[PDB]
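Novice: target-v3.csv (CSV, N, CA, C and O atoms) pasted underneath:
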```
chain,number,residue,atom,x,y,z
A,1,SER,N,1.4,-16.4,9.8
A,1,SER,CA,2.5,-15.4,10.0
A,1,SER,C,3.5,-15.6,8.9
A,1,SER,O,4.6,-16.3,9.1
A,2,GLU,N,3.3,-15.0,7.7
A,2,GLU,CA,4.2,-15.1,6.6
A,2,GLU,C,4.6,-13.7,6.2
A,2,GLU,O,3.9,-12.7,6.4
A,3,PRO,N,5.8,-13.6,5.5
A,3,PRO,CA,6.3,-12.4,5.0
A,3,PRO,C,5.5,-11.8,3.8
A,3,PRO,O,4.8,-12.5,3.1
A,4,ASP,N,5.6,-10.5,3.6
A,4,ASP,CA,4.9,-9.8,2.5
A,4,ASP,C,5.8,-9.5,1.4
A,4,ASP,O,5.6,-8.6,0.6
A,5,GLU,N,6.9,-10.3,1.2
A,5,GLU,CA,7.9,-10.1,0.2
A,5,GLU,C,7.3,-10.4,-1.2
A,5,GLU,O,7.6,-9.8,-2.2
A,6,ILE,N,6.3,-11.3,-1.2
A,6,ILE,CA,5.7,-11.7,-2.4
A,6,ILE,C,4.9,-10.6,-3.1
A,6,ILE,O,4.8,-10.5,-4.3
A,7,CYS,N,4.3,-9.7,-2.2
A,7,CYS,CA,3.5,-8.6,-2.7
A,7,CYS,C,4.4,-7.6,-3.4
A,7,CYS,O,4.0,-7.0,-4.4
A,8,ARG,N,5.6,-7.5,-3.0
A,8,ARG,CA,6.6,-6.5,-3.6
A,8,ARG,C,7.1,-7.1,-4.9
A,8,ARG,O,7.3,-6.3,-5.9
A,9,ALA,N,7.2,-8.4,-5.0
A,9,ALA,CA,7.7,-9.1,-6.2
A,9,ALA,C,6.6,-9.1,-7.2
A,9,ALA,O,6.8,-9.2,-8.4
A,10,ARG,N,5.3,-9.1,-6.8
A,10,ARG,CA,4.2,-9.2,-7.6
A,10,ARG,C,4.0,-7.9,-8.4
A,10,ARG,O,3.5,-7.9,-9.5
A,11,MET,N,4.3,-6.8,-7.7
A,11,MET,CA,4.2,-5.5,-8.3
A,11,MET,C,5.5,-5.0,-8.9
A,11,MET,O,6.6,-5.5,-8.6
A,12,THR,N,5.5,-3.9,-9.6
A,12,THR,CA,6.7,-3.3,-10.2
A,12,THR,C,7.3,-2.3,-9.3
A,12,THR,O,6.6,-1.8,-8.3
A,13,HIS,N,8.5,-1.9,-9.5
A,13,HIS,CA,9.2,-0.9,-8.7
A,13,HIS,C,8.4,0.4,-8.6
A,13,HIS,O,8.2,0.9,-7.5
A,14,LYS,N,7.9,0.9,-9.8
A,14,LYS,CA,7.1,2.1,-9.8
A,14,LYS,C,5.8,1.9,-9.0
A,14,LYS,O,5.4,2.9,-8.3
A,15,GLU,N,5.2,0.8,-9.0
A,15,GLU,CA,4.0,0.5,-8.2
A,15,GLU,C,4.3,0.7,-6.7
A,15,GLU,O,3.5,1.4,-6.1
A,16,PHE,N,5.3,0.0,-6.3
A,16,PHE,CA,5.7,0.1,-4.8
A,16,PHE,C,5.9,1.5,-4.4
A,16,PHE,O,5.6,1.9,-3.3
A,17,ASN,N,6.4,2.4,-5.3
A,17,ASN,CA,6.6,3.8,-5.0
A,17,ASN,C,5.3,4.5,-5.0
A,17,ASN,O,5.1,5.4,-4.1
A,18,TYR,N,4.4,4.2,-5.9
A,18,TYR,CA,3.1,4.9,-5.9
A,18,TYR,C,2.3,4.5,-4.7
A,18,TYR,O,1.8,5.4,-4.0
A,19,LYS,N,2.1,3.2,-4.4
A,19,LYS,CA,1.3,2.8,-3.3
A,19,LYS,C,1.9,3.3,-2.0
A,19,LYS,O,1.2,3.9,-1.2
A,20,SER,N,3.2,3.2,-1.8
A,20,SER,CA,3.9,3.7,-0.6
A,20,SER,C,3.7,5.2,-0.5
A,20,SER,O,3.4,5.7,0.6
A,21,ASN,N,3.8,5.9,-1.6
A,21,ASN,CA,3.6,7.4,-1.6
A,21,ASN,C,2.2,7.8,-1.0
A,21,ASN,O,2.2,8.6,-0.1
A,22,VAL,N,1.2,7.1,-1.4
A,22,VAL,CA,-0.2,7.4,-0.9
A,22,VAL,C,-0.3,6.9,0.5
A,22,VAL,O,-1.0,7.5,1.3
A,23,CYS,N,0.3,5.8,0.9
A,23,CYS,CA,0.3,5.2,2.2
A,23,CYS,C,0.7,6.3,3.3
A,23,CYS,O,0.0,6.4,4.3
A,24,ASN,N,1.8,7.0,3.0
A,24,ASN,CA,2.3,8.0,3.9
A,24,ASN,C,1.3,9.2,4.0
A,24,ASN,O,1.3,10.0,4.9
A,25,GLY,N,0.3,9.2,3.1
A,25,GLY,CA,-0.7,10.2,3.1
A,25,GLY,C,-1.9,9.9,3.9
A,25,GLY,O,-2.5,10.7,4.5
A,26,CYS,N,-2.2,8.6,3.9
A,26,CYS,CA,-3.4,8.1,4.6
A,26,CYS,C,-3.4,8.6,6.1
A,26,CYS,O,-4.4,8.8,6.7
A,27,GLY,N,-2.2,8.8,6.6
A,27,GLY,CA,-2.1,9.3,8.0
A,27,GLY,C,-1.0,8.5,8.8
A,27,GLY,O,0.0,8.2,8.3
A,28,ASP,N,-1.4,8.2,10.0
A,28,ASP,CA,-0.5,7.4,10.9
A,28,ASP,C,-0.8,6.0,10.8
A,28,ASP,O,-0.5,5.2,11.8
A,29,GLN,N,-1.4,5.5,9.7
A,29,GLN,CA,-1.8,4.1,9.6
A,29,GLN,C,-0.9,3.5,8.5
A,29,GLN,O,-1.3,2.5,7.8
A,30,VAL,N,0.3,4.0,8.3
A,30,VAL,CA,1.2,3.4,7.3
A,30,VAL,C,1.4,1.9,7.5
A,30,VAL,O,1.2,1.2,6.5
A,31,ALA,N,1.7,1.5,8.7
A,31,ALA,CA,1.8,0.1,8.9
A,31,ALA,C,0.6,-0.7,8.5
A,31,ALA,O,0.8,-1.8,7.8
A,32,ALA,N,-0.6,-0.2,8.7
A,32,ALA,CA,-1.8,-0.9,8.3
A,32,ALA,C,-2.0,-0.8,6.8
A,32,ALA,O,-2.4,-1.8,6.2
A,33,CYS,N,-1.5,0.3,6.2
A,33,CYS,CA,-1.6,0.4,4.7
A,33,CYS,C,-0.9,-0.7,4.0
A,33,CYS,O,-1.3,-1.2,3.0
A,34,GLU,N,0.3,-1.1,4.5
A,34,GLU,CA,1.1,-2.1,3.9
A,34,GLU,C,0.8,-3.5,4.6
A,34,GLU,O,1.3,-4.5,4.2
A,35,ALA,N,0.1,-3.4,5.7
A,35,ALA,CA,-0.2,-4.6,6.5
A,35,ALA,C,-0.8,-5.7,5.6
A,35,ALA,O,-0.4,-6.9,5.6
A,36,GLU,N,-1.7,-5.3,4.7
A,36,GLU,CA,-2.4,-6.2,3.8
A,36,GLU,C,-1.9,-6.0,2.3
A,36,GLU,O,-2.6,-6.2,1.4
A,37,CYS,N,-0.7,-5.5,2.2
A,37,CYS,CA,-0.1,-5.2,0.9
A,37,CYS,C,-1.0,-4.2,0.1
A,37,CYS,O,-1.3,-4.5,-1.0
A,38,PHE,N,-1.3,-3.1,0.8
A,38,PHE,CA,-2.1,-2.1,0.1
A,38,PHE,C,-3.5,-2.7,-0.2
A,38,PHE,O,-4.2,-2.1,-1.0
A,39,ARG,N,-3.9,-3.7,0.5
A,39,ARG,CA,-5.2,-4.4,0.3
A,39,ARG,C,-6.0,-4.4,1.6
A,39,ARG,O,-6.2,-5.4,2.2
A,40,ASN,N,-6.5,-3.2,2.0
A,40,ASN,CA,-7.3,-3.1,3.2
A,40,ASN,C,-8.2,-1.8,3.1
A,40,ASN,O,-8.0,-1.0,2.3
A,41,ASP,N,-9.1,-1.8,4.0
A,41,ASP,CA,-10.1,-0.6,4.1
A,41,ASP,C,-9.3,0.7,4.4
A,41,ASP,O,-9.7,1.7,3.9
A,42,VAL,N,-8.3,0.5,5.3
A,42,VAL,CA,-7.5,1.7,5.7
A,42,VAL,C,-7.0,2.5,4.5
A,42,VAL,O,-7.2,3.7,4.4
A,43,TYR,N,-6.4,1.7,3.6
A,43,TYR,CA,-5.8,2.3,2.4
A,43,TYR,C,-6.9,2.6,1.3
A,43,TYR,O,-6.9,3.7,0.7
A,44,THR,N,-7.8,1.7,1.1
A,44,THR,CA,-8.9,1.9,0.2
A,44,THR,C,-9.7,3.1,0.5
A,44,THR,O,-10.2,3.8,-0.4
A,45,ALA,N,-9.8,3.4,1.8
A,45,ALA,CA,-10.5,4.6,2.2
A,45,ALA,C,-9.7,5.9,2.0
A,45,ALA,O,-10.2,6.9,1.4
A,46,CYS,N,-8.5,5.9,2.5
A,46,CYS,CA,-7.6,7.1,2.4
A,46,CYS,C,-7.4,7.4,0.9
A,46,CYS,O,-7.6,8.5,0.5
A,47,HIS,N,-6.9,6.4,0.2
A,47,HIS,CA,-6.6,6.5,-1.3
A,47,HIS,C,-7.8,7.2,-2.0
A,47,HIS,O,-7.7,8.1,-2.8
A,48,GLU,N,-9.0,6.6,-1.7
A,48,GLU,CA,-10.2,7.1,-2.4
A,48,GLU,C,-10.5,8.6,-1.9
A,48,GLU,O,-11.1,9.4,-2.6
A,49,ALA,N,-10.1,8.9,-0.7
A,49,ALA,CA,-10.3,10.2,-0.2
A,49,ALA,C,-9.1,11.1,-0.4
A,49,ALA,O,-8.9,12.1,0.3
A,50,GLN,N,-8.2,10.7,-1.3
A,50,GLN,CA,-7.0,11.5,-1.6
A,50,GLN,C,-7.0,12.1,-3.0
A,50,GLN,O,-7.1,11.4,-4.0
A,51,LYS,N,-7.1,13.4,-3.1
A,51,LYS,CA,-7.1,14.1,-4.3
A,51,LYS,C,-5.7,14.2,-5.0
A,51,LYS,O,-5.5,14.9,-6.0
```
Output the structure of this file as structure tokens.
Specialist:
Amino acid sequence: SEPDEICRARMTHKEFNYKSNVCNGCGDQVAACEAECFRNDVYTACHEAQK
């Protein structure tokens, strides 16, 4: 049970905006999209299925 602040510091400001932008598109799984810092099947699937 640790914070995901490291994930935000690891990426750039623009990155957080891009990832988050797509996250809101995946659907109602936003929480899950950021759950693993954009590192999950939920996002990997949506993002790949996002034109």
Novice: Find the distance between CA of residue 7 (chain A) and atom N of residue 51 (chain A) and write it in Å to one decimal.
Specialist: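 Interatomic distance, CA of residue 7 (chain A) to atom N of residue 51 (chain A): 24.4 Å.
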Novice: Kindly indicate which residue among A:1, A:50, A:12, A:20 lies nearest to residue 38 (chain A), using all atoms listed in the file for the distances.
Specialist: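 Checking each candidate against residue 38 (chain A), we get A:20 as the closest.
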Novice: Around the point (-4.4, 0.8, 6.5) in the file's coordinates, collect all residues with an atom within 4.5 Å, using all atoms listed in the file, and return them as a JSON list (two decimals) with N, CA, C and O atoms, keeping the file's coordinate frame.
Specialist:
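out13.json, written as the output of this step:
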```
[["chain", "number", "residue", "atom", "x", "y", "z"],
["A", 29, "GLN", "N", -1.40, 5.50, 9.70],
["A", 29, "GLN", "CA", -1.80, 4.10, 9.60],
["A", 29, "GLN", "C", -0.90, 3.50, 8.50],
["A", 29, "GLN", "O", -1.30, 2.50, 7.80],
["A", 32, "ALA", "N", -0.60, -0.20, 8.70],
["A", 32, "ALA", "CA", -1.80, -0.90, 8.30],
["A", 32, "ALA", "C", -2.00, -0.80, 6.80],
["A", 32, "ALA", "O", -2.40, -1.80, 6.20],
["A", 33, "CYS", "N", -1.50, 0.30, 6.20],
["A", 33, "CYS", "CA", -1.60, 0.40, 4.70],
["A", 33, "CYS", "C", -0.90, -0.70, 4.00],
["A", 33, "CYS", "O", -1.30, -1.20, 3.00],
["A", 42, "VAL", "N", -8.30, 0.50, 5.30],
["A", 42, "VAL", "CA", -7.50, 1.70, 5.70],
["A", 42, "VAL", "C", -7.00, 2.50, 4.50],
["A", 42, "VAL", "O", -7.20, 3.70, 4.40],
["A", 43, "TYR", "N", -6.40, 1.70, 3.60],
["A", 43, "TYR", "CA", -5.80, 2.30, 2.40],
["A", 43, "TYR", "C", -6.90, 2.60, 1.30],
["A", 43, "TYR", "O", -6.90, 3.70, 0.70]]
```
Novice: Using only C-alpha atoms, pick whichever of A:6, A:11, A:37, A:49 has the shortest atom-to-atom distance to residue 25 (chain A).
Specialist: A:49
Novice: When DSSP is applied to the backbone of this structure, which of chain A are assigned helix (DSSP H, G or I)? Write them out as an NGL selection string.
Specialist: :A and (5-10 or 13-26 or 30-35 or 41-48)
Novice: Quote the spacing between CA of residue 40 (chain A) and CA of residue 19 (chain A) in Å to one decimal place.
Specialist: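 CA of residue 19 (chain A) lies at a distance of 12.3 Å from CA of residue 40 (chain A).
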Novice: To one decimal in Å, tell me the separation between CA of residue 9 (chain A) and CA of residue 30 (chain A).
Specialist: 19.5 Å
